[PDB]
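What follows is start-v1.pdb (PDB, C-alpha atoms and all ligand atoms).
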```pdb
ATOM      1  CA  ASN A 172       6.870  -2.381   3.319  1.00  0.00           C
ATOM      2  CA  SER A 173       4.456  -0.779   0.859  1.00  0.00           C
ATOM      3  CA  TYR A 174       0.927  -1.942   0.086  1.00  0.00           C
ATOM      4  CA  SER A 175      -2.122  -0.878  -1.912  1.00  0.00           C
ATOM      5  CA  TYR A 176      -5.714  -1.923  -1.277  1.00  0.00           C
ATOM      6  CA  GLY A 177      -7.446  -3.600  -4.205  1.00  0.00           C
ATOM      7  CA  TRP A 178     -10.872  -3.409  -5.793  1.00  0.00           C
ATOM      8  CA  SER A 179     -12.269  -6.118  -3.502  1.00  0.00           C
ATOM      9  CA  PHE A 180     -11.431  -3.959  -0.482  1.00  0.00           C
ATOM     10  CA  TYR A 181     -13.199  -1.028  -2.153  1.00  0.00           C
ATOM     11  CA  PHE A 182     -16.272  -3.181  -2.842  1.00  0.00           C
ATOM     12  CA  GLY A 183     -16.934  -3.772   0.847  1.00  0.00           C
ATOM     13  CA  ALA A 184     -16.334  -0.092   1.585  1.00  0.00           C
ATOM     14  CA  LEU A 185     -18.725   0.858  -1.222  1.00  0.00           C
ATOM     15  CA  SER A 186     -21.233  -1.659   0.153  1.00  0.00           C
ATOM     16  CA  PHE A 187     -21.237   0.141   3.512  1.00  0.00           C
ATOM     17  CA  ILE A 188     -22.318   3.411   1.885  1.00  0.00           C
ATOM     18  CA  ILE A 189     -25.091   1.767  -0.145  1.00  0.00           C
ATOM     19  CA  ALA A 190     -26.308  -0.229   2.862  1.00  0.00           C
ATOM     20  CA  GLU A 191     -26.527   2.903   5.016  1.00  0.00           C
ATOM     21  CA  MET A 192     -28.403   4.732   2.247  1.00  0.00           C
ATOM     22  CA  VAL A 193     -30.917   1.877   2.030  1.00  0.00           C
ATOM     23  CA  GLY A 194     -31.351   2.009   5.802  1.00  0.00           C
ATOM     24  CA  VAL A 195     -32.265   5.693   5.594  1.00  0.00           C
ATOM     25  CA  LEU A 196     -34.700   4.964   2.759  1.00  0.00           C
ATOM     26  CA  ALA A 197     -36.230   2.052   4.681  1.00  0.00           C
ATOM     27  CA  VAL A 198     -36.725   4.142   7.829  1.00  0.00           C
ATOM     28  CA  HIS A 199     -38.229   6.934   5.722  1.00  0.00           C
ATOM     29  CA  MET A 200     -40.783   4.475   4.335  1.00  0.00           C
ATOM     30  CA  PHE A 201     -41.697   3.407   7.871  1.00  0.00           C
ATOM     31  CA  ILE A 202     -42.035   7.076   8.838  1.00  0.00           C
ATOM     32  CA  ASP A 203     -44.160   7.943   5.794  1.00  0.00           C
ATOM     33  CA  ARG A 204     -46.453   4.926   6.257  1.00  0.00           C
ATOM     34  CA  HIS A 205     -47.353   5.849   9.839  1.00  0.00           C
ATOM     35  CA  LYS A 206     -47.812   9.510   8.890  1.00  0.00           C
ATOM     36  CA  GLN A 207     -50.333   8.492   6.228  1.00  0.00           C
ATOM     37  CA  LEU A 208     -51.967   6.043   8.647  1.00  0.00           C
ATOM     38  CA  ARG A 209     -52.286   8.730  11.326  1.00  0.00           C
ATOM     39  CA  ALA A 210     -53.509  11.355   8.846  1.00  0.00           C
ATOM     40  CA  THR A 211     -56.308   9.075   7.633  1.00  0.00           C
ATOM     41  CA  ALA A 212     -57.256   8.090  11.190  1.00  0.00           C
ATOM     42  CA  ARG A 213     -57.443  11.740  12.272  1.00  0.00           C
ATOM     43  CA  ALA A 214     -59.608  12.618   9.260  1.00  0.00           C
ATOM     44  CA  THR A 215     -62.047   9.831  10.152  1.00  0.00           C
ATOM     45  CA  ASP A 216     -62.174  11.033  13.767  1.00  0.00           C
TER      46      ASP A 216
ATOM     47  CA  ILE B 511      50.741 -10.233  -7.424  1.00  0.00           C
ATOM     48  CA  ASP B 512      50.657 -11.494  -3.821  1.00  0.00           C
ATOM     49  CA  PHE B 513      48.012  -9.459  -2.001  1.00  0.00           C
ATOM     50  CA  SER B 514      47.928  -8.973   1.777  1.00  0.00           C
ATOM     51  CA  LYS B 515      45.106  -8.877   4.314  1.00  0.00           C
ATOM     52  CA  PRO B 516      42.413  -6.165   4.024  1.00  0.00           C
ATOM     53  CA  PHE B 517      43.424  -3.071   5.987  1.00  0.00           C
ATOM     54  CA  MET B 518      39.972  -1.500   5.483  1.00  0.00           C
ATOM     55  CA  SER B 519      36.440  -2.481   4.454  1.00  0.00           C
ATOM     56  CA  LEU B 520      34.610  -1.132   1.406  1.00  0.00           C
ATOM     57  CA  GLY B 521      31.721  -2.031  -0.892  1.00  0.00           C
ATOM     58  CA  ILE B 522      30.107  -0.915  -4.143  1.00  0.00           C
ATOM     59  CA  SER B 523      27.619   1.919  -3.703  1.00  0.00           C
ATOM     60  CA  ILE B 524      25.425   4.159  -5.840  1.00  0.00           C
ATOM     61  CA  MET B 525      26.110   7.903  -5.820  1.00  0.00           C
ATOM     62  CA  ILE B 526      23.418  10.320  -7.005  1.00  0.00           C
ATOM     63  CA  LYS B 527      23.027  14.090  -7.184  1.00  0.00           C
ATOM     64  CA  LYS B 528      21.543  14.974  -3.751  1.00  0.00           C
ATOM     65  CA  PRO B 529      17.880  15.755  -4.534  1.00  0.00           C
ATOM     66  CA  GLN B 530      17.008  19.059  -2.854  1.00  0.00           C
ATOM     67  CA  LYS B 531      14.572  18.845   0.046  1.00  0.00           C
ATOM     68  CA  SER B 532      10.960  18.800  -1.107  1.00  0.00           C
ATOM     69  CA  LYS B 533       8.091  21.091  -0.161  1.00  0.00           C
ATOM     70  CA  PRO B 534       5.319  19.553   1.983  1.00  0.00           C
ATOM     71  CA  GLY B 535       2.385  18.566  -0.186  1.00  0.00           C
ATOM     72  CA  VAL B 536      -0.605  20.789  -0.842  1.00  0.00           C
ATOM     73  CA  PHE B 537      -2.666  18.364   1.282  1.00  0.00           C
ATOM     74  CA  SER B 538      -0.043  17.953   4.013  1.00  0.00           C
ATOM     75  CA  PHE B 539      -2.696  18.597   6.683  1.00  0.00           C
ATOM     76  CA  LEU B 540      -3.820  14.971   6.203  1.00  0.00           C
ATOM     77  CA  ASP B 541      -0.350  13.625   7.056  1.00  0.00           C
ATOM     78  CA  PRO B 542      -0.792  13.434  10.902  1.00  0.00           C
ATOM     79  CA  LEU B 543      -3.223  10.529  10.408  1.00  0.00           C
ATOM     80  CA  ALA B 544      -2.884   7.525   8.119  1.00  0.00           C
ATOM     81  CA  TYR B 545      -5.105   7.144   5.066  1.00  0.00           C
ATOM     82  CA  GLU B 546      -6.922   4.292   6.822  1.00  0.00           C
ATOM     83  CA  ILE B 547      -8.023   6.537   9.703  1.00  0.00           C
ATOM     84  CA  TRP B 548      -9.405   9.192   7.346  1.00  0.00           C
ATOM     85  CA  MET B 549     -11.341   6.501   5.479  1.00  0.00           C
ATOM     86  CA  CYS B 550     -12.754   5.117   8.733  1.00  0.00           C
ATOM     87  CA  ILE B 551     -13.650   8.570  10.081  1.00  0.00           C
ATOM     88  CA  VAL B 552     -15.861   9.057   7.017  1.00  0.00           C
ATOM     89  CA  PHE B 553     -17.506   5.682   7.660  1.00  0.00           C
ATOM     90  CA  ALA B 554     -17.967   6.576  11.330  1.00  0.00           C
ATOM     91  CA  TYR B 555     -19.421   9.961  10.357  1.00  0.00           C
ATOM     92  CA  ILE B 556     -21.963   8.313   8.051  1.00  0.00           C
ATOM     93  CA  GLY B 557     -22.708   5.514  10.511  1.00  0.00           C
ATOM     94  CA  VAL B 558     -23.278   7.814  13.487  1.00  0.00           C
ATOM     95  CA  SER B 559     -25.544  10.164  11.528  1.00  0.00           C
TER      96      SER B 559
HETATM   97  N1  LIG A 601      36.209  -0.288   9.943  1.00  0.00           N
HETATM   98  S1  LIG A 601      37.385  -0.142   8.864  1.00  0.00           S
HETATM   99  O1  LIG A 601      36.798  -0.314   7.568  1.00  0.00           O
HETATM  100  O2  LIG A 601      38.071   1.082   9.149  1.00  0.00           O
HETATM  101  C1  LIG A 601      38.509  -1.481   9.114  1.00  0.00           C
HETATM  102  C2  LIG A 601      38.227  -2.688   8.488  1.00  0.00           C
HETATM  103  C3  LIG A 601      39.068  -3.784   8.645  1.00  0.00           C
HETATM  104  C4  LIG A 601      40.224  -3.703   9.434  1.00  0.00           C
HETATM  105  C5  LIG A 601      40.501  -2.477  10.074  1.00  0.00           C
HETATM  106  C6  LIG A 601      39.664  -1.403   9.912  1.00  0.00           C
HETATM  107 CL1  LIG A 601      40.111   0.042  10.743  1.00  0.00          CL
HETATM  108  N2  LIG A 601      41.073  -4.763   9.614  1.00  0.00           N
HETATM  109  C7  LIG A 601      40.631  -6.116   9.301  1.00  0.00           C
HETATM  110  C8  LIG A 601      41.799  -7.117   9.396  1.00  0.00           C
HETATM  111  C9  LIG A 601      42.243  -7.459  10.823  1.00  0.00           C
HETATM  112  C10 LIG A 601      42.219  -9.008  10.835  1.00  0.00           C
HETATM  113  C11 LIG A 601      40.784  -9.415  10.682  1.00  0.00           C
HETATM  114  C12 LIG A 601      40.429  -9.159   9.436  1.00  0.00           C
HETATM  115  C13 LIG A 601      41.605  -8.525   8.746  1.00  0.00           C
HETATM  116  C14 LIG A 601      42.735  -9.308   9.423  1.00  0.00           C
HETATM  117  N3  LIG A 601      40.054  -6.139   7.956  1.00  0.00           N
HETATM  118  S2  LIG A 601      38.681  -5.281   7.829  1.00  0.00           S
HETATM  119  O3  LIG A 601      37.658  -5.959   8.561  1.00  0.00           O
HETATM  120  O4  LIG A 601      38.464  -5.012   6.443  1.00  0.00           O
END
```
Go ahead and express the file in the form of structure tokens.
Amino acid sequence: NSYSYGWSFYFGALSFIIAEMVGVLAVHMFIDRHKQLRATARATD
Amino acid sequence: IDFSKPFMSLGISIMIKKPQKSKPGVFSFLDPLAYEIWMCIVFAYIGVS
């Protein structure tokens, strides 16, 4: 009744961590863009 | 020799020196939950955050 998960199982699990990291990095780019866009707009005002 | 009917029931069996009871592992505090739950809690922790 014993079992052991293989490398393929650990590839999907490892994909989840990388995907979440990319999501954080993608949101941080969206945040930085708008911050730069607002900073420039304020300076022109 | 002319045997008779079995008066009792037996069967080959392995005898080993009774291995003394073991000490709960150093990480026994993870026993209450299966390894799958601990793995998924980490995923949930990352996903929620
Ligand atoms: N349970 S046991 O091993 O004590 C046990 C086992 C057995 C007993 C009697 C006892 Cl008490 N008798 C039977 C016997 C009764 C009739 C049916 C099978 C033989 C002829 N053989 S057995 O099935 O080998």
For the file shown, what are the residues hit by the PyMOL selection byres ((chain A and not hetatm) within 8 of (chain B)), laid out as a count of residues only?
3
Mind telling me what the PyMOL selection byres (((not hetatm)) within 7 of (chain A and resi 601)) catches here, as a ChimeraX atom specification?
/B:515-520
Between A:178, A:172, A:200, A:184, which residue has the minimum interatomic distance to residue B:546, considering all atoms listed in the file?
A:184
Box along x, y and z, 3 Å on every side, all listed atoms of stretch 184-202 of chain A inside: centre and edge lengths in Å to one decimal, as AutoDock Vina command-line options.
```
--center_x -29.2 --center_y 2.7 --center_z 3.8 --size_x 31.7 --size_y 14.7 --size_z 16.1
```
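Here atom CA of residue A:175 stands at a distance of 15.5 Å from atom CA of residue B:548.
Here atom CA of residue A:190 and atom CA of residue B:555 stand 14.4 Å from one another.
Atom CA of residue B:558 sits 15.0 Å away from atom CA of residue A:198.
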